[PDB]
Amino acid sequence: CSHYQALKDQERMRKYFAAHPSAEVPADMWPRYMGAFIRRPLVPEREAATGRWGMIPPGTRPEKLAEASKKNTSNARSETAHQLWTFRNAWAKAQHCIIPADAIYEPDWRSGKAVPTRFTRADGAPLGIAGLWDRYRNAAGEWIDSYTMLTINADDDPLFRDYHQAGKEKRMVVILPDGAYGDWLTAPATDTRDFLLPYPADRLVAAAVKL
């Protein structure tokens, strides 16, 4: 997933995630933009943090930022996130977050062309995408937050196995059930994979859209 609709409604975010927006974020989110992500609490009133969608290795030096910025790190394959330099620190320290979204978009190529497809929950509730967060220093030495969505294989998912170009492994982000939100945000690195499961396809609605 490299495109999603950010949850911006304050009341909606409070009801479902017990958090409120900090800064304004683009309703139409794309990689490398500054988006919002939610972390464990602790002013008892969660606040979504702002960060770059697309993780940057925390040890990156200023002379390597440009190079690191161009890599595709808005999604992280869960299978190797514990090992790769970009995500290892975040995974090891269990820096977990939830990206709140009203919907996510995935391309459908069955028509012979890229047709955007919008996915939403059948119950009308927002999606809580499982991810990792970390910090990196910009050229001025100022720490900046960044986040990425954890993905799992979807070659056998009843819904997502039909999306994306043919000829490449099929991937899907992890939509967390509401009852797992809090546990996910405080889970130790050893329990991480327990949450990276396929969200029930029968709970999602797919619709082709015109951007």
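Quick note: we count residues from 1 along the sequence shown, nothing fancier.
*What is the count, as a class, of unmodelled deposited residues between residue 166 and residue 167: none, 1 to 3, 4 to 9, or 10 or more?*
Unresolved stretch here: none.
*Per the PDB record, is the mean Cα temperature factor higher over 171 to 179 or over 156 to 164?*
Result of the comparison: 156 to 164.
*Select between 132 to 140 and 96 to 104 the stretch whose C-alpha atoms have the higher average B-factor in the entry.*
The deposited B-factors put 132 to 140 ahead on the C-alpha mean.
*For the listed 31, 51, 62, 26, which has the peak Cα B-factor recorded in the PDB entry?*
Comparing C-alpha B-factors across 31, 51, 62, 26, the top value belongs to 62.
*Go through 121, 77, 110, 118 one by one and give the residue whose Cα B-factor in the PDB entry is largest.*
By C-alpha B-factor in the record, 110 ranks first.
*Looking at the C-alpha B-factor of residue 66, is it in the lowest, middle or highest third of its chain?*
Residue 66: CA B-factor falls in the highest third of its chain.
*Among modelled residues of the same chain, the CA temperature factor third for residue 56*: For residue 56, the deposited C-alpha B-factor lands in the middle third.
*Entry-reported Cα temperature factor of residue 38, expressed as the chain third it lands in*: It belongs to the lowest third of the chain when residues are ordered by C-alpha B-factor.
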